[PDB]
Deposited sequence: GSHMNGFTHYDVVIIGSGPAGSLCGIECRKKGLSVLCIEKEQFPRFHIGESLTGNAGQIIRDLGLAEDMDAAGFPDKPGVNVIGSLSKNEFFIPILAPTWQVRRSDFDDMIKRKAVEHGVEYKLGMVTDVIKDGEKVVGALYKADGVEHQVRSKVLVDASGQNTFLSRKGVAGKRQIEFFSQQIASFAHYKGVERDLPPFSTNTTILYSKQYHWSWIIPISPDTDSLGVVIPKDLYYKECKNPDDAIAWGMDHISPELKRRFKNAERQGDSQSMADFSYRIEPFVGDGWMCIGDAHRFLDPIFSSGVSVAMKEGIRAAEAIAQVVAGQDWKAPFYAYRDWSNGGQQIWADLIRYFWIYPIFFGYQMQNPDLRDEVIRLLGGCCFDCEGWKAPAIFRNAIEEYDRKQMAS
């Protein structure tokens, strides 16, 4: 028996476990993969940076060789339009295998119990979730929980089991990402050498370059699903990007040497509703995924883990789940909708978006730093333009 059982130990599950422990709750985290393990999504927001400082991890970040992130340089190729989004507060580019392991060790330090295992089923008592089944070695185990937290990322465990809602996928923005790590990439000149670079051409055609260590850079090429299936495996997709997205690519990778195989993965934005219920909740990618063009996923996952523990504590302490879980739900929907709007606005009006950075700018900087979860003008501008556009 535990107060809280967390499925998965990415940024959402790890932060949820840490904050649950800070509220004095007993916590079991079941994670199916042995750490450290590779994972994509390497560029952090200023707000993720602040959580990391709060955990007391800043020195360890520098020690791990994670480059400082000055901001993101966005370059459009069809018109050479270029803009730079400065970082809100100091943050980093990370190798996720090592980063996720660091956060996980902090969770263990706070007294989270970990099991290597794959959660496979929930245990119900009528409508109520009261625990879970998981496989470790050759063997099925049972655990009982007051709240089962699904932090399974894009595995969307509770959705797949029909406990949570079905995925509602955004049909018009379906993309496939292909990526690999390289050495020998030409970096921007200081003070910008370790910025994230985003290159885009047509709508939903884009690429990233992220320095993740002193010598290594992550390259991604992201294109519409149909184009990928039509003209492209992940090697071919990356080559297509090198050829068609921007000349900056062939230039910077002139002397680059790939480390390890390339990979592809769905980049479909989705949302799952409901994502809270009696005895359970979802946090992070387990209920919602946004186009990672602005590198917000880890920041969002961490924030949701933190905010969920608040709700969880109230329920473990005897309050009916509705008021607290619905407050979490509404808080999450509020902030995620702002991110979603920013992204849709960018894809519709990428040039107008950029120029916004010369407009007396501060709001967007804060928003892209992650301040999306707390009167600002920007959210309404994005919302209004998108509604008009859709109506048109």
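Mapping the modelled residues onto the deposited sequence reveals missing stretches at 1-8, 241, 370-371, 386-387, 406-409.
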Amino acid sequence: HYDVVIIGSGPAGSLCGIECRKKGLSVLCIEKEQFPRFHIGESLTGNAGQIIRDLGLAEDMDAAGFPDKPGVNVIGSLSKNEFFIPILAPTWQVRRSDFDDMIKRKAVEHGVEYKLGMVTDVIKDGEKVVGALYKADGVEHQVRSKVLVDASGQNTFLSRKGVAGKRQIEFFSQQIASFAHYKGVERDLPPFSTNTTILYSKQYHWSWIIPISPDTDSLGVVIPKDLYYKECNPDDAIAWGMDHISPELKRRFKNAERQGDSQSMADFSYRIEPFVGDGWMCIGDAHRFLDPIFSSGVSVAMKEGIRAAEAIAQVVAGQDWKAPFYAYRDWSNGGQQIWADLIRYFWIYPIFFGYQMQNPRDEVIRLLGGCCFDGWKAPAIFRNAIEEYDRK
From here on, numbers count along this sequence of modelled residues.
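Of the two stretches examined, 176-184 and 145-153, the record assigns the greater average C-alpha temperature factor to 176-184. For the two regions 108-116 and 209-217, the entry's Cα B-factors average higher over 209-217.
Across 122, 281, 89, 198, the greatest Cα temperature factor reported in the deposited entry is at 89. Listed residues 140, 285, 82, 101 were ranked by CA B-factor as deposited; 82 comes out on top.
Ranked by C-alpha B-factor against the other modelled residues of its chain, residue 343 falls in the middle third. Placement of the Cα temperature factor of residue 68 within the chain: middle third of the modelled residues, per the deposited record. Annotation for residue 32: CA B-factor lies in the lowest third of the chain's modelled residues.
Residue 327 sits in the lowest third of its chain by CA B factor, as recorded in the PDB entry. When the modelled residues of the chain are ordered by their C-alpha B factor, residue 26 lands in the lowest third.
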